[PDB]
Amino acid sequence: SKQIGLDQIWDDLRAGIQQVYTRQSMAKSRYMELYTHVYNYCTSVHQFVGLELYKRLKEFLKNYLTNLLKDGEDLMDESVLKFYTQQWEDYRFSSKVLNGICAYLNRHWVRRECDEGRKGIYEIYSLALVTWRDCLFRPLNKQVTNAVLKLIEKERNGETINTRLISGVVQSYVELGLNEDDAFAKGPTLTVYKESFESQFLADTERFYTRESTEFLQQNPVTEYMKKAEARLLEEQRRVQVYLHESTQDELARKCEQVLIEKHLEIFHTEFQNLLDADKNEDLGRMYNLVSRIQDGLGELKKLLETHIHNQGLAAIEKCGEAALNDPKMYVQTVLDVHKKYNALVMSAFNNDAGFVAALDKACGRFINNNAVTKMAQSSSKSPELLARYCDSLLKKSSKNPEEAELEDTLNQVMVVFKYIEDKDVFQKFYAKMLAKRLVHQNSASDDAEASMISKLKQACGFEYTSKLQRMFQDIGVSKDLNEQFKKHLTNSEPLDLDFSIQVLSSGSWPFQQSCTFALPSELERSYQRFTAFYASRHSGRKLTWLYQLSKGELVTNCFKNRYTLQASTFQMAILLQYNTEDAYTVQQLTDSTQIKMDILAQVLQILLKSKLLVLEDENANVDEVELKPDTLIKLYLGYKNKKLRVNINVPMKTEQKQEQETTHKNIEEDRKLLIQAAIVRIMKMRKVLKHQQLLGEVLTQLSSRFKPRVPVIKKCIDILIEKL
Amino acid sequence: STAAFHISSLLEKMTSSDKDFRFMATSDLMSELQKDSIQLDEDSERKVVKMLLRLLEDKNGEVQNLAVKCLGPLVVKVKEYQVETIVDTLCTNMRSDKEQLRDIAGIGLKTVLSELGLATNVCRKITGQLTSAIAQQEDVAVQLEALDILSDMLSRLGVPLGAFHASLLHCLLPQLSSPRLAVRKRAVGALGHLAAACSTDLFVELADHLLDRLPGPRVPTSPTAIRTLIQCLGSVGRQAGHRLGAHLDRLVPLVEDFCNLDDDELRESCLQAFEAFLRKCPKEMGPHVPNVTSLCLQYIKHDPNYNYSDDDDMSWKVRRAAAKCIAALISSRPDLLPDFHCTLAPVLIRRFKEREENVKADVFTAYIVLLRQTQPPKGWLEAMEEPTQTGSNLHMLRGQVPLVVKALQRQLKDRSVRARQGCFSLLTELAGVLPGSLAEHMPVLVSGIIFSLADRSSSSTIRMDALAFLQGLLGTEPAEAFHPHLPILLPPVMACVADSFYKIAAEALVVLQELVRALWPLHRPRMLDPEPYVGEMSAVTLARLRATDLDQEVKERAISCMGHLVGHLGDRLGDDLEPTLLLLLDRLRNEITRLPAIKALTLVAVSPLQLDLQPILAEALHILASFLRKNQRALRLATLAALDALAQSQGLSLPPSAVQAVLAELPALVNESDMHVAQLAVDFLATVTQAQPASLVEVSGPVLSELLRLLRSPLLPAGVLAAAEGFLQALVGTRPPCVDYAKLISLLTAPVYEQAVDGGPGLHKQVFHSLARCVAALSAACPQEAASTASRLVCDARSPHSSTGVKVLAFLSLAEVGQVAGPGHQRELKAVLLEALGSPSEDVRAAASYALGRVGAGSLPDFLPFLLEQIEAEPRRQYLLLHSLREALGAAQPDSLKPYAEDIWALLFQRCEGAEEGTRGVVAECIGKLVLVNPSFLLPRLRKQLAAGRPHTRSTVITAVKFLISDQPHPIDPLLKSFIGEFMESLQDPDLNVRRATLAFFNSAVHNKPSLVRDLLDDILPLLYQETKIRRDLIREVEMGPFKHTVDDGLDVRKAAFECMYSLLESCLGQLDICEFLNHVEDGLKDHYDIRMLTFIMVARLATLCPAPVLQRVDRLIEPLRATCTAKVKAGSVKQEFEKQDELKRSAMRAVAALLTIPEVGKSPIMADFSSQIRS
């Protein structure tokens, strides 16, 4: 190959390149010609004496950069950025084209590059950028960084600036971070950008936001501060997304969340409580959205919410006072109002978070059971009982039948309350009693709603809570069918004197018990004996449920000028039938004959006298102020005149009401005994023998689905069973 | 080897020998082993299902609930190959006729559905089984439970059944005609639940099928036939009415025709359907609003049985439905508020006398909804308003109030609790909307309140509601109206304080405190003689406060009420003043009444009655000093406030020993950890310095040291610095032998003095600003101590021997001493400052410019002519001189610059023709702040300059008017709002500079005050988009070799327009067209890189601000994003292009993910395939 002289060609391309650095005025011709002349031949020239040529190029670039620095330090103080940008783009294009053309002579020789970094040709591919970093970047870096930070702080206050200058300067910063570890590594090194601009910017941001947040909170309420912080966070993420490198982004977010939100958490907590005292749901939503960013920052919010719900429920139930113990409606409605309000709040403002739902459930499951009403009832088994009674008042016949949709909503609300009560066997017992007493007297407003209620209970608890109820329904249907069949038989034989209804109830299902002795009047004797004979001919192997105090009906009196129909119970029927011969009877003789207890007979006597169907010895004597002694005489009020033909006298008694309260006490104690023994001794037998401590701990979670056993009770059961373990 | 023989050993235990033990055996089988307790031999699992067939109907099913709570995890631990088998066997035993296996089958299938090709197949099998049960199984007990499970399963499984939905509707259509309405109602409910996610055409099929069977061909029909159809219509209404607008126009007349029929339940159904349609479809129901309205206005009055059998009437249901319909109509359509006030509000009022209870409650709720609708916009209830539309509504309500009061007068003494509570709530709402309107009716309302305060038999709820109503009335109505009725109103309230129910006592105490704070204001002369009442007030409050067995709430309320009573009527307590104070002192010691007692003591001290707090000063001061040591922020703030108030009130009548004791604690409080406490402590120190200087001798040292250490911090707000300034004012004004200034700057400069090398770790520029500002403010605080040192510092600092910090601090201190208290004369300072302005250091140059600017304002008539002469003769250093002029006009009041202002004008535009950008900008702010001298007279000159002048002049004018925007309200706001049109019409100028400056003006206006441009947006938006489009004339691809990047000069205006577009997006969303917005987004997304990033941010924001238009447009929006992501750049590219391509790819990925967060976008193939390619 040829070896042409060095100085002439060297000066030639030196003049060519110093022309090329200036803006192009000629055409493409010499641009191809000179660089082709270099590429084809001077590969050897630019290799060995190319060291001297490149040193001369380096010193030429050094003087050029010194000239630029001298010409670019006149006044500036803000116009530094325009100069730095324009020069950066121009020098970038010039260096890019020069490095694309001239470096091809010495590049692609990775074999020589590996050895000692190709002597002094190490990383000189970007030696233009190296000279930019050393000669010009070093003197002006402080000034340009200060100008950029001043512009950013100026934009933060509200003014508008040309973001292109900042974008260009930060792109230049990240560009000079050459990857010296590997010349072919896919990924930039941000060493210079991090060490010269990022740390200062982050410190300035944290200082500015500390100062601004403190000054704002010192002279404003918390709500406006939350409003401002929510906007500031997205503002400072948009800044990075627009005119800053991506590597900063995440870090910057952290810093903002460490200054605008976390450091003020204490204040937030207090404000949270105040918000709960005013019910400002949107502000609560904003606070939840803000605190969601801080990790493990939601726990105190959950504790405060649970405590607030508990206190609100306790206060709301206490405010009712003494009237709750006898009015199920207000108790259940207060509970439902509190639960509905706070569940709506949790679902709307707090975005139905699992932890907040658990907090609501824990708060509601602690003031259903232990509140003022049960505390003054001296037993935690008052919350279920009242609930059961409420259901009764929703299904008995009333003057204003509730709307079907309203009824279904109310039953669903009763279920969402019943989900919380600890003692559920008490609820089952009281519901069974109320259902039996409603079915016998046929007080059911509608069979469809009642069947829906039973279905809801079955889904809630299982088949045990509804097996007995389904048995009762089937028994009442069978009794209706048997009554129809006996009516058919009567139509096929001698008919009865009066139309009466009879129901046969299996003794193994219904809770009724026989506790009184009675003497049959001669009027019902023929029906009694005929029915007993017929049932003996029909059924065997069981025992008839013959009860009289639960039997009522209607009677017609021929002893009044205007024919009246009196609906009354069997005891009143016997009392009136005894007057068919003699209208004047003494109380002792009535007790001896009718076999009615003194309290029941006395109560029936006041009920009859108040209705004016009977009279005492003195007709003008006040019934309430006159005591009924065994020698008291009662006479029939023959001249009974009234506007209404049909008269009801079978009214539940206040003394019978208190007796029923005593029977509820007996029901509660029966629940206690049955519960304890026949539901813990069996499971203790089931568990066999163990260490006697974890056994106690784990037997509580096998019966927990229907009550909660008490530790002394289980200890007593173990002591009783120690005879046989 | 744990779960290898353990399972098989227990298998032999289920051979009917451990029936009692089987219950525990299964519970033990389910234990903490749910990690890898699965192996081969599914024979064990089929034996398990066979044995759980024995945890079933047998033994009366006693272990069924526990059995299923155990099998839940068991039936999820079954694996798919047995999942199909168990589903099949559950279906087969559902076919079984036992009425017991079906329950377990259903609940187990529900558990399986909750846990979950195979899944789809088992779901199809379940749906087919349910359909066969509903249709084929013609027995009630199976259909009812099948519908139950189907409804409870659609409630959470809407989407997986999309294939079977079309068939399901069919099996549910004849069910609306079956007998035994127990199935019919649940069929209607299930159909309503289904018609919530039934595709988009299935709902149409259901609607136009249900419509067909409804009408009668102009012939009456039995109501039983159409009742269920109308009920189903109402159900689908309440569920998904927003999909029935197309059929509303044909459904409404038929429903009205049926409503005209004579049936109570039918009328109920029709009115409920109308309510559902009105609340769910407001726009489509427009042309039908009048007709239905008339119906309501009739049937709200419908009550034939009552002249103007209790178990067989339902007209009250008709009236309740009508009232609810009226409420829904009122709430749905605010646009027709005035018309309602002429047609709806009167009739409603006439129905306040409804005989029923629920009807009356709903009428009250409707009127309350109307009242809340008439509410004027919040945040403006502080001044009178012009007679706008809201003015007309408020006038209508003000004319309405007398009729409401007259109609509600009788009910306030009703026997029922509910009616009185309703009246109280309604009157509270009416008073809240219209303050000061119920005063004329006070003789009535007060009477009613008394009737609810003497009530004894009923619950305490009515009493508490009466007290709350009285408290609200005291809050709203003016005090004077209560004067005549005080003798009758006051006793009962007091009688409620001594109640045995503590809630009533607390409420009475709060009401009493409000009453005494309102009737006898603090800072005004007393119009009502308080002698007759104060004795009883004090007796009741003291008797309630002296019982220590009471509750906490009553204790707190009593303490607060007694504090207010003392503070407002200390004159009239008399002999009870001395004991009462002591009581408060005692409550100041307990850990449960610290804060209420502190607040009461603060309020007592603040009051202007000039009380004699002598007996308790020492004890209170010692207790508060003890409280200062505890580490509680709220308690510390309360204690500092109490101490400050007490010292200010007492003045010179306080013991010295207690002062020293409390002062011994303060130096620990002055720290940078908390700033509010430090400010309060410094204020208290200043107050006690002003009061009793002699107590400061032994505490000056540590206090001064901690104050200096606090001033070191760069985070001092203005309040702390002002408090420190006042502290030093007092400390020098007292002329004490301890500290008397001349030490703050010294100590602060002590580290600065040791900085003998100007190359070490200097402060940050903002740290420089903060520290030097604090130091200079301290120097300028006291002028008497620094009078001679002001001249001394110039002489001792003009020598260039001191470091840069001393120099800059010298100029800043000179500027501050000339600014704070009188302009420093310093007749020879002008030459020295001018000489030093050309300092080699930039910080010293900025300090000198600030010094000249701040000293010129204080002596403008003398220096302003000199400064203008220097500018005219010597234009060489115009930059710093122009900054000084800007600062001068900034710090000089306009009233003192009016005579000469025009002269400055003649200078400023004289230099506007230069080619320097910075000088042009500085002149722009100078003009902008000069306009503040007189806006009305100086604005037209700038307007005419913009209209006719050199572009370099109108550019500066528009920059100045842009800088004229202030964030706070400013007097030029009306003038700017009126005159902004001419300025905004400047974009027609072809010059780049004017258009860019106007775009910046618009951006600033939208960012700061959207009201300036809002009303004009419709005349701005179109022409603004004209700037968005790319202009190729400015685009010049200059010939730079073969390859060259085009130097587009029209990029800045596009960037400014896009910034304005983002600002409108964030602030003015309500006055934009989304279609053209997205079209311009698409047009600009292909523009330069910066525009690409900003458009990506806009798309990300719009993915949350308008999901539907973005979902519609994404089908084509993805293609630019896909091209941007899939573009391949050669590896020979230098680092700039690699970084840019990576950044744009990541931004496009973020935009794609933001779009993907929308569920509908997730159901298209293009981005699913794009995500699959990204993953691969």
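Reading guide: rules and limits
- Residues numbered from 1 in each chain as written, not as in the entry; some residues may be left out.
- Chains lettered and ligands numbered in written order.
- Heavy atoms only, no water.
- Residues with missing side-chain atoms left out of burial classes, pairs and counts.
- UniProt positions renumbered as here; feature names shortened; annotations may be inferred.
- Patch = residues over 30% accessible without salt bridge, like charges linked within 9 Å, V, L, I, M, F, W, Y side chains within 5 Å.
- Areas by Shrake-Rupley, 256 points an atom, 1.4 Å probe, with all protein chains shown as cover.
- Salt bridge = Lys/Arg side-chain N within 4 Å of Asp/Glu carboxyl O.
- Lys, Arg positive; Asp, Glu negative; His and termini not counted.
- Charge placed at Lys NZ, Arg CZ, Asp CG, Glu CD.
- Helix = DSSP H or I, 4+ residues; strand = E, 2+ residues; numbered from the N terminus.
- Buried < 20%, exposed > 50% of the residue type's maximum accessible area, 1.4 Å probe, protein only.
- Contact = heavy atoms within 4.5 Å.
- Disulfide = S-S within 2.5 Å.

- For this entry, the PDB title field holds "Human Cullin-1 in complex with CAND2".
- Checking UniProt for chain B, the heading Subunit contains the comment "Binds TBP, CNOT3 and UBE3C."
- Comment text from UniProt for chain B, heading Subcellular location, reads "Nucleus".

- Going by the PDB entry, chain A carries the name Cullin-1 and comes from Homo sapiens.
- The record held by UniProt for chain A lists under Pathway the comment "Protein modification; protein ubiquitination."
- On record in UniProt, under Sequence similarities, the comment for chain A is "Belongs to the cullin family."

### Concerning a negative patch on the surface
All names here are of chain B.
Here's step 1: Taken together, the side chains of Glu982, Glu985, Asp1015, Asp1018 and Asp1019 present a region of like negative charge at the surface.
Here's step 2: With respect to the helices and strands, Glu985 occurs in the loop between α47 (973-984) and α48 (992-1008).
Here's step 3: Take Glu985: its relative accessible area is 53%, and that puts it in the exposed class.

### Examining the side chain of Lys807 of chain B
Here's step 1: One can find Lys807 of chain B in helix α38 (residues 804-820).
Here's step 2: Buried charge without a salt bridge: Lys807 of chain B, with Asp796 of chain B as the nearest opposite-charge side chain at an N-O distance of 7.6 Å.

### Quick notes on a nonpolar patch on the surface
Residues and elements named next belong to chain A.
Here's step 1: There is a patch of nonpolar side chains on the surface, built from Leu498, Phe500 and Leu524 and spanning about 260 Å² of accessible area.
Here's step 2: Its place among the elements puts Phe500 in the loop between α21 (464-491) and α22 (525-538).
Here's step 3: Taking relative accessible area as the criterion, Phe500 reaches 38% and is therefore assigned partly exposed.

### Thoughts on the side chain of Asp362 of chain B
Residue and element names in this part refer to chain B.
Here's step 1: Along the chain, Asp362 turns up in helix α18 (residues 358-374).
Here's step 2: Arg320 is the oppositely charged side chain nearest to the buried, salt-bridge-free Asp362, at an N-O distance of 4.5 Å.
Here's step 3: If we skip the residues at most four places from it in the chain, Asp362 touches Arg320, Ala323 and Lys324.

### A closer look at the state of the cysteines
Residues and elements named next belong to chain B.
Here's step 1: Applying the stated criterion to the full structure yields zero disulfides over all chains.
Here's step 2: Sulfur of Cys912: no disulfide; nearest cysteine sulfur belongs to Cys926 and is 12 Å away.
Here's step 3: The exposure class of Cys912 is buried, given its relative accessible area of 1%.
Here's step 4: Here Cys1075 stays unpaired: no disulfide links it, and the sulfur of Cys1106, its closest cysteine neighbor, is 10 Å away.

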